[PDB]
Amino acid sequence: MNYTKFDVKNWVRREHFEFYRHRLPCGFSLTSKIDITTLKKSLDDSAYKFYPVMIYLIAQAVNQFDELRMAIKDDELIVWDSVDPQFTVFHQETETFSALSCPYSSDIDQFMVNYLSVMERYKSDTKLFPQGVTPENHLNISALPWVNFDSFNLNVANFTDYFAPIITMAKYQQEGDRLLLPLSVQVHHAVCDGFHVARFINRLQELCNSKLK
């Protein structure tokens, strides 16, 4: 299959996993600003567009760390070999959104092909989930391009055993010499500590500062 059952008995976080899963169930969100000054220049020198690139970069970073690809399957903790981004798409005509997903590829060009293809096929589809059920191996990404925010948090009535990270981006803004993008990350404490989230954000910042290809 496309996942491995994780070895919980020998895991250094096994106590923390049971503690935050069942004793004191909780998750947290944090919003930090990523410097996209370099990324903006790379985009300017290319034909790629901002949203799909960010989707690719966030998916790439998630795909590097096991703790961001955990799930419960058949009552056991698993790690997905890879996850595909599920992202929101806004319909200007109805002023409503849909969620779509497309397969992740470490090849940026192949990822763009996948994206444009899904976009082409469902750009007019106003169902919340035009493709039907969300792939189990997913990450959620959403964008609020119309307003800048310093914080964002989702208040969910029940998040039992839901371990996929939730990432939300706001409109970027110029802050002196830098172009900053607010990015909110929301995780379940059973699989992620503050260290793991910081590590993800640091890695994303490095990717934004690196060549696209």
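So that there is no doubt, residue numbering starts at 1 and follows the sequence shown.
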- request: Output the stretch having the higher mean C-alpha B factor in the entry; the candidates are 187-195 and 10-18.
  value: 10-18
- request: Please work out which of 91-99 and 137-145 has the higher mean CA B-factor as recorded in the PDB entry.
  value: 91-99
message: According to the Cα B-factor stored in this entry, which of the following is highest: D84, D125, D81, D109?
response: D125
statement: Based on the PDB entry, the highest CA temperature factor among the options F159, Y172, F50, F28 is that of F159
query: Thinking about Cα B factors across the chain, which third does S46 belong to?
result: highest
message: Taking only the Cα B-factors deposited for this chain, tell me whether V62 sits in the lowest, middle or highest third.
response: middle
task: Grab the CA temperature factor for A164 from the record and place it in the lowest, middle or highest third of its chain.
output: lowest
- request: Going by the recorded CA B-factors, say which third of the chain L180 sits in, lowest, middle or highest.
  value: middle
